[PDB]
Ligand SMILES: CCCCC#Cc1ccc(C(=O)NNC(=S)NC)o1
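Only one chain is included here, represented as structure tokens and corresponding to the form solved without the named molecule.
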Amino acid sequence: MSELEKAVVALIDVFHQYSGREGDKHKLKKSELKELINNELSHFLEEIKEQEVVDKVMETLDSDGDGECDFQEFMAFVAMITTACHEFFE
């Protein structure tokens, strides 16, 4: 297993750690997405403390509009973060 293959597994791994906590086990609701950000992206993103920020963040990632973040939408979220972190180093 290479570093790239390890990265792919970790992306599937972390999405399921958080999506299966409540409700639809294949989608991140607000409370699961917030904990994912707060617990797994603590060096890339600011801690989410306000309801208005979790609302805003889900509104951005929720492109098909059911109020939750599915796997496709999560992959888009990861590309955004990854592209942001890539550019940081200029």
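The first residue of the shown sequence is 1; numbering continues from there. Just so we're on the same page, rigid core means the largest C-alpha set that superposes within 1.5 Å between forms.
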query: Core-fitted comparison in 6 other deposited structures of this protein, 80-88 vs 4-12, farther C-alphas; finding: 80-88
query: Higher-B stretch (mean Cα B-factor, as the entry records it), 7-15 or 21-29; finding: 21-29
query: Third of the chain's Cα B-factor distribution that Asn39 belongs to, per the entry; finding: lowest
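Quick note: we don't show the form solved in complex with the named molecule, though the next part is all about it.
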property	result
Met80, heavy atom within 4.5 angstroms of the named molecule in the entry with it bound	yes
Partner contacts in the entry with it bound for 44-72 (non-hydrogen atom within 4.5 angstroms of the named molecule)	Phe44, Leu45
